[PDB]
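For reference, the structure is listed below as structure tokens.
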Amino acid sequence: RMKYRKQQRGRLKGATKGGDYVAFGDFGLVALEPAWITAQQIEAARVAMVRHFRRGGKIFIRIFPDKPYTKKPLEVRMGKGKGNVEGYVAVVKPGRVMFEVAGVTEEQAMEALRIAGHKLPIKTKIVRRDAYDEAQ
Amino acid sequence: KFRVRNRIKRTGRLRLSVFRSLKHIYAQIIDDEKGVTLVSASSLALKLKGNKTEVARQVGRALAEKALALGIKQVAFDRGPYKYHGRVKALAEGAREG
Amino acid sequence: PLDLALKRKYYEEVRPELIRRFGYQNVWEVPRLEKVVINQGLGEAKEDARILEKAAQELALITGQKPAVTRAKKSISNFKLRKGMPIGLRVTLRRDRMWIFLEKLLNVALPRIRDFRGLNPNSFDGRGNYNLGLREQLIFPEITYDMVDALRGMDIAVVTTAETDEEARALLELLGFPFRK
Amino acid sequence: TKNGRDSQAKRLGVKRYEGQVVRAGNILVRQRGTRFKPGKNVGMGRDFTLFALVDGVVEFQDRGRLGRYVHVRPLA
Amino acid sequence: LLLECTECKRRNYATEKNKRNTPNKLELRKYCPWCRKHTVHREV
Amino acid sequence: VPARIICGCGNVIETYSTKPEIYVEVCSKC
RNA sequence: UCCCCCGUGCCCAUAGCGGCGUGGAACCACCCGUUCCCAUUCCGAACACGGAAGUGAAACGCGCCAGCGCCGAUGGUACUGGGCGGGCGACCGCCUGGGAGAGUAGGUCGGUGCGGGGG
RNA sequence: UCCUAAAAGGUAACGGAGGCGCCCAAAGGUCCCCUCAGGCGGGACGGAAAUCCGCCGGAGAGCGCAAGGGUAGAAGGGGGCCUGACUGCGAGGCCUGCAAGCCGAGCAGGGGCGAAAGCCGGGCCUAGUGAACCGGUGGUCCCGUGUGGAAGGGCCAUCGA
RNA sequence: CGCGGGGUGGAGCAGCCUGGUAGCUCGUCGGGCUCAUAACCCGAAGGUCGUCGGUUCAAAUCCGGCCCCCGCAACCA
RNA sequence: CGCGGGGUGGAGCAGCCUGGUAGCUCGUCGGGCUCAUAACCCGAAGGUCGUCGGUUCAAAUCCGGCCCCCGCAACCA
RNA sequence: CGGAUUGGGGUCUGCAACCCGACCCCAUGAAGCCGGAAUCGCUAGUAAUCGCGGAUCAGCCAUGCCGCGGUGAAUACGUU
Ligand SMILES: [Mg+2]
Ligand SMILES: [Mg+2]
Ligand SMILES: [Mg+2]
Ligand SMILES: [Mg+2]
Ligand SMILES: [Mg+2]
Ligand SMILES: [Mg+2]
Ligand SMILES: [Mg+2]
Ligand SMILES: [Mg+2]
Ligand SMILES: [Mg+2]
Ligand SMILES: [Mg+2]
Ligand SMILES: [Mg+2]
Ligand SMILES: [Mg+2]
Ligand SMILES: [Mg+2]
Ligand SMILES: [Mg+2]
Ligand SMILES: [Mg+2]
Ligand SMILES: [Mg+2]
Ligand SMILES: [Mg+2]
Ligand SMILES: [Mg+2]
Ligand SMILES: [Mg+2]
Ligand SMILES: [Mg+2]
Ligand SMILES: [Mg+2]
Ligand SMILES: [Mg+2]
Ligand SMILES: [Mg+2]
Ligand SMILES: [Mg+2]
Ligand SMILES: [Mg+2]
Ligand SMILES: [Mg+2]
Ligand SMILES: [Mg+2]
Ligand SMILES: [Mg+2]
Ligand SMILES: [Mg+2]
Ligand SMILES: [Mg+2]
Ligand SMILES: [Mg+2]
Ligand SMILES: [Mg+2]
Ligand SMILES: [Mg+2]
Ligand SMILES: [Mg+2]
Ligand SMILES: [Mg+2]
Ligand SMILES: [Mg+2]
Ligand SMILES: [Mg+2]
Ligand SMILES: [Mg+2]
Ligand SMILES: [Mg+2]
Ligand SMILES: [Mg+2]
Ligand SMILES: [Mg+2]
Ligand SMILES: [Mg+2]
Ligand SMILES: [Mg+2]
Ligand SMILES: [Mg+2]
Ligand SMILES: [Mg+2]
Ligand SMILES: [Mg+2]
Ligand SMILES: [Mg+2]
Ligand SMILES: [Mg+2]
Ligand SMILES: [Mg+2]
Ligand SMILES: [Mg+2]
Ligand SMILES: [Mg+2]
Ligand SMILES: [Mg+2]
Ligand SMILES: [Mg+2]
Ligand SMILES: [Mg+2]
Ligand SMILES: [Mg+2]
Ligand SMILES: [Mg+2]
Ligand SMILES: [Mg+2]
Ligand SMILES: [Mg+2]
Ligand SMILES: [Mg+2]
Ligand SMILES: [Mg+2]
Ligand SMILES: [Mg+2]
Ligand SMILES: [Mg+2]
Ligand SMILES: [Mg+2]
Ligand SMILES: [Mg+2]
Ligand SMILES: [Mg+2]
Ligand SMILES: [Mg+2]
Ligand SMILES: [Mg+2]
Ligand SMILES: [Mg+2]
Ligand SMILES: [Mg+2]
Ligand SMILES: [Mg+2]
Ligand SMILES: [Mg+2]
Ligand SMILES: [Mg+2]
Ligand SMILES: [Mg+2]
Ligand SMILES: [Mg+2]
Ligand SMILES: [Mg+2]
Ligand SMILES: [Mg+2]
Ligand SMILES: [Mg+2]
Ligand SMILES: [Mg+2]
Ligand SMILES: [Mg+2]
Ligand SMILES: [Mg+2]
Ligand SMILES: [Mg+2]
Ligand SMILES: [Mg+2]
Ligand SMILES: [Mg+2]
Ligand SMILES: [Mg+2]
Ligand SMILES: [Mg+2]
Ligand SMILES: [Mg+2]
Ligand SMILES: [Mg+2]
Ligand SMILES: [Mg+2]
Ligand SMILES: [Mg+2]
Ligand SMILES: [Mg+2]
Ligand SMILES: [Mg+2]
Ligand SMILES: [Mg+2]
Ligand SMILES: [Mg+2]
Ligand SMILES: [Mg+2]
Ligand SMILES: [Mg+2]
Ligand SMILES: [Mg+2]
Ligand SMILES: [Mg+2]
Ligand SMILES: [Mg+2]
């Protein structure tokens, strides 16, 4: 990334804008609980997904961490934390669409998204597609 | 361009918009904060001869007669992006002389 | 001094031809030659304010007008110039002194140019103007050989109501501009 | 560390409001730049301080491009 | 540099601030005394 | 003054410059 | 009364840009010229002066067209003074009054005041 | 200076991030004039970037110096003249526990710029600093130990954190 | 990890304070003396100034973070 | 701030006192010479003498002021 | 001064001159203003300087070698 060092904590209110719709791909993965998703978590689900169905299609990772995860190294209170230990996270509130696959089979999707779900700390659901966009 | 205009717009009353054509010279006494002209002494759109500068004088005096009549005297002048030098000069000049 | 060749050349020759190659309606539509400018990138005349006046005064003759000064503004760290104290040489001439200059141009300067080949018909500003480049400033008439302490170069320009480089090309050609075809 | 610094509160903003009585010289509004322009019987100084030049009530008048002018309507 | 401006043929002072090396050596700027009115004031 | 370009090839134009005696050559006449 | 145009102010983009059209007798600009007032660190381009001829090209006035810009519902919704309940926590919900933003339908290539000239 | 600060103000932590301890006689005052950065297209050295030309380009430049706010319907760019970086003042009001800080109409003397209206009691503004005591230097309607005078002191000015 | 000092041609080291223009010694390369080598003499070449971002007309030099090096400190329980 | 000493070639010093003399050492370039550096020997460029000013026939010289360094005791609300 | 380089044309030897001949004519006019440390040759018709011939051989890349004549020096205290 690139901006500046540290950032605030900030609570995780209503699952408002933290939640969208299946914009790309065919299937999707939604969050049910609100929390910070770690970089290690993104990749974990990423690798898990793509590794499952070798030579997989296209895996869309809508979310994206940019919140400097702060933390102190086993001491006391001399100023603000160094953070960066775990790295960064993303504001993930219920309704969000972390991942979504395409150009692949439904079985590949259902199982993958399932596994990648375990890579996530939040309880999750798997939505198909429907037609819910915004048109006439 | 019209900086000067804004300057005297906060000065007082009785502005003297001296708009002049390439051959004409209109003189209007417009009071701001309402938008009404009092003594509007035109030039080539009035009666006078054909001598821009000299005409500027006679029209300046035209303002005088009508101005003093209504009791107006606040000589709040309005350059109107023009250089006080030639025609516009005789306006306030002859009008303030008489 | 309102009288010369290039004058009535535009009047009784170019004007009608511009009504031919394109055709118009109003006289104030046909491309009229009106603006001509000069310039000299004088990063050289930075150290030497002496050499600065020389170029200016020389110019005074070849232009038949009054030289001017236009320094820089940015800051060429690479080539010793900053604030904008140094110098650039500009001079814009119009009306008669303009016509008299162009006469010398295509009848004196251009003629005796180092392996002259004509004017590059691409140097149009995409619209209806032209921009040319010259080196030796002595190609001009009055400039004597034993007077130039440097073959200082310079570039000029010419603005016209012309909106298309085709109209411009035709105009300039009719004016008497030997365009390297 | 090295961050705990801050110039104390200057306490600017709107000092007087529309529909208020004012003497002569009452600092209408102290502003940073020029978020509020003068007008009818109102002038400013070095720090762009807005104050009354007459005696009456304060009034506001938003004028988009022009600006958010504020005046005072004299009466007695 | 801290500058002080005296008066001509009298004995009055004024508050000032000159420039050490910067192109500033003397101060011949007119002023205004209390005795009489408006006479030039030398640096000094 | 009428600059008489005395170019060495048979052309003497009456332009306007300094010193009507402007000795030139290889102009538009050759 | 009403219409075209000139000056100037208000409303401060539903008046802005842009393509098209259109008006010169009048009004306006350009335009002729640089002797005098005066001027461009170079130019009468700008500012200035004296004033006929020419055009409406430039600028502007008026009108059209919505592509851009701009204005923008309604409906529901987010959030929320106030009152109340549920979960370990992260949080969630109901009653009461309030109620955006975004997106949709859609609106607009102006309206208006005083004075001056002309029918 | 900003955020934290929860839409008036205020508001804490060894909370996040950055400045000041200056500078300018022109970077001031008045008068008149002027308009950005960039992007594209065109042009002798240059050529990402000097300078010149055309069209676009409403503020993303500039505004001495951090940031915020403001700003071309000028606070910015230039020229002319000038020294209001004036004395004696001060209705009213911001701020505030005290003290300190901050804005200022208008009056008088006198003076600058402009035809005038009018503006000028420094710098677009918010940091660029230090109660009091002690003493220094200039000045002065004052005091001066019985009396003239001197020493010394007070008063206005200004100096050493 | 707390505080201080330091990364510059192949080796060691100056220049940073006081922004514009990398200096010295050894070595390396070419040439000479010698039968030959060293010593000695003649000339040449050789750097990204650790790193990334920032400040500036412009950064080895100014500011900040990271990385590596050296020194000091790390107590009362 | 008060007192006194001086600024002299790329650099320092004698000349100053009590004016008629820019000289000395080293560097540096060319010449002599040597196996070689050096010693040593010949010649040479570079100083408005920090500045401005005054007296005199002539001022580095004697003197006034101005700029700077260095020294001196003292001082600090 | 200097003649390197190079464009174009042409001459002759030889089956044949791209690689590779010599030569001529026109144009082109390079470095070089006397040479760093170091080093070479000669004691008189010598050094220096100038031209000539031959072997070689179709021709010739010959500034090479061998031979010949023209002009015509300087200094040699001494043996460290
Ligand atoms: Mg990145
Ligand atoms: Mg939240
Ligand atoms: Mg992990
Ligand atoms: Mg799970
Ligand atoms: Mg965890
Ligand atoms: Mg599940
Ligand atoms: Mg003629
Ligand atoms: Mg026509
Ligand atoms: Mg000139
Ligand atoms: Mg000549
Ligand atoms: Mg021709
Ligand atoms: Mg704090
Ligand atoms: Mg604190
Ligand atoms: Mg605080
Ligand atoms: Mg405090
Ligand atoms: Mg038309
Ligand atoms: Mg028409
Ligand atoms: Mg003239
Ligand atoms: Mg006349
Ligand atoms: Mg005259
Ligand atoms: Mg002129
Ligand atoms: Mg004009
Ligand atoms: Mg006339
Ligand atoms: Mg007509
Ligand atoms: Mg017409
Ligand atoms: Mg039209
Ligand atoms: Mg209209
Ligand atoms: Mg909307
Ligand atoms: Mg809405
Ligand atoms: Mg629609
Ligand atoms: Mg729409
Ligand atoms: Mg329109
Ligand atoms: Mg109306
Ligand atoms: Mg009619
Ligand atoms: Mg009718
Ligand atoms: Mg706040
Ligand atoms: Mg608050
Ligand atoms: Mg924090
Ligand atoms: Mg200062
Ligand atoms: Mg100024
Ligand atoms: Mg000013
Ligand atoms: Mg300008
Ligand atoms: Mg640009
Ligand atoms: Mg380009
Ligand atoms: Mg270009
Ligand atoms: Mg360009
Ligand atoms: Mg050159
Ligand atoms: Mg360029
Ligand atoms: Mg370019
Ligand atoms: Mg470019
Ligand atoms: Mg200013
Ligand atoms: Mg100015
Ligand atoms: Mg000025
Ligand atoms: Mg005066
Ligand atoms: Mg203060
Ligand atoms: Mg007064
Ligand atoms: Mg002021
Ligand atoms: Mg300031
Ligand atoms: Mg300030
Ligand atoms: Mg007294
Ligand atoms: Mg006395
Ligand atoms: Mg007494
Ligand atoms: Mg006393
Ligand atoms: Mg002091
Ligand atoms: Mg080191
Ligand atoms: Mg060291
Ligand atoms: Mg290192
Ligand atoms: Mg090195
Ligand atoms: Mg090393
Ligand atoms: Mg080193
Ligand atoms: Mg060393
Ligand atoms: Mg350092
Ligand atoms: Mg360098
Ligand atoms: Mg070196
Ligand atoms: Mg060394
Ligand atoms: Mg070595
Ligand atoms: Mg060595
Ligand atoms: Mg070596
Ligand atoms: Mg060696
Ligand atoms: Mg070797
Ligand atoms: Mg060995
Ligand atoms: Mg080297
Ligand atoms: Mg570095
Ligand atoms: Mg460098
Ligand atoms: Mg190291
Ligand atoms: Mg113990
Ligand atoms: Mg003593
Ligand atoms: Mg002593
Ligand atoms: Mg010595
Ligand atoms: Mg020696
Ligand atoms: Mg001296
Ligand atoms: Mg002297
Ligand atoms: Mg002491
Ligand atoms: Mg040939
Ligand atoms: Mg020979
Ligand atoms: Mg042979
Ligand atoms: Mg034979
Ligand atoms: Mg013997």
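Using Swiss-Prot numbers, chain F covers 10-39, in order.
According to its header, the structure was obtained by X-ray crystallography, 3.2 Å.
Positions of Cβ are set from backbone N, Cα and C atoms, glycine also.
Straight from Swiss-Prot, the features:
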type	residues	note
BINDING	F:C16, F:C18, F:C36, F:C39	Zn(2+) binding site
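Less than 8 angstroms from the CB of F:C16 (Zn(2+) binding site) sit F:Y32, F:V33, F:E34, F:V35, F:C36, F:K38, F:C39, each of them six or more residues away in the same chain.
For F:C18 (Zn(2+) binding site), the count of additional Cβ atoms within 10 Å of its Cβ stands at 12 [all protein chains shown].
In the three-state DSSP assignment, the secondary structure recorded for F:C36 (Zn(2+) binding site) is coil. Looking at F:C36, F:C39, the binding-site residues in this record, the fewest other C-beta atoms within 10 angstroms of the C-beta turn up around F:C39.
In the three-state DSSP reading, F:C16 (Zn(2+) binding site) counts as strand.
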